[PDB]
């Protein structure tokens, strides 16, 4: 049942940008995966792992398309490591989707024949593995009609089932075009098979999860309702008619603001759990778990996923970052808690409890905390001076950073660039003094229009990572942005806390 799949697999995590890298494992930002990484993911409490695999460069010539023996052995080695740790494991065909499977539209007979020969080999090799191994037919398929998609699912499923044995009953994961929710609802037709699982990916709102166009925060009543409105119809059409469902990918993709990130993950994973959908977290190796340091970049959001993935609601504090300016008058500070049914059990500085009464008070409802000013003053150069851990009877703890900040200071605020010597990003050395980068906008000085008008006409706000970023306290404008510059322009780096900014002028010769 869908309930069974949820109990057994929720929550999951993706081994992203690894076996799916191009041309081979280790070609991108992760080295080839080490066995102990699976021990670390198990320590975290994930019940399942998705192992995206890109087969492309390891597939031999027509007509038999033999998969390189060393590659097949490697994929089995990693898959076995995961299975030995009692994970439910999803094995797929990944970036092949746009590398060659998208030739389906223009050359179906040849492409479908090739994919069939590939799936037959994968199915044969993994035929005798535990039922904890699931096959996913193809990641985010594109370049074909909805009819072709349905045909592809049917034909590949038939190939897997025809190998017999344990593959006769193995769960197989199928979706619509682009693993898209709307396609699943409207153009997808379930194969006639009672051992399939449906899938879609979820990354909405795209501009929030990616921090595009200044969308730095998430969590309005409208946004929460829209998220449930995206998910509920898949439950109504499919889950309550008995189809298990896996959300093969979800998560933030560069969004950094802490409260919103925590709220987004708690809300989504709780909705997934509510509607009996298995949520599998996307992590490209730089997003969440640091495999080299063997620690999570944001431990709190991980604990939120682990608890919400088990149907345990998490309490959410606001603010998550408490900004106090150097020199400012220190008053009692209010912390609101969205309890989500939980009860606050204490507030700690590491292992040392704060004293209720003198350090802080709580209202009768237990959801509004006042941190007394003398306590704050004791807790406090700019930077993180303290971390307060809010513990709850159930669910993840919330950690609030106490940050002393001051006005950000730029060594240089005006830069000259020529249109013919542009090569690499523009570095803007800064002393951010405890502040954090939120977003950036760029305006052409003479016209008042967006610097990137040629691509995004409606806004001057830029996109995280592809246009701007912060690194080691310095600010950067990407080469992409510089190439669109025609005359003198002004960039406004908006920081946390809100209202703090740094203005940089760029002169064009």
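Positions refer to the first chain, counted from 1.
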Please figure out whether residue 380 and residue 381 are truly consecutive in the deposited sequence or have unmodelled residues between them, and give none, 1 to 3, 4 to 9, or 10 or more. 4 to 9
Test of understanding: from the entry's C-alpha B-factors, which stretch has the higher mean, 5 to 13 or 482 to 490? 482 to 490
Mean C-alpha B-factor higher for 134 to 142, or for 211 to 219? 211 to 219
Largest Cα B-factor, entry values, listed residues 67, 41, 62, 51: 62
Among 174, 432, 292, 305, which residue carries the highest C-alpha B-factor recorded in the PDB entry? 432
Assigned third (lowest, middle, highest) for the C-alpha B factor of residue 36: middle
Going by the recorded CA B-factors, say which third of the chain residue 495 sits in, lowest, middle or highest. middle
Residue 47: which third of its chain by C-alpha temperature factor? lowest
Residue 155: CA B-factor among chain residues, third -> middle
Among all modelled residues of this chain, ranked by Cα B factor, put residue 314 in the bottom, middle or top third, i.e. lowest, middle or highest. middle
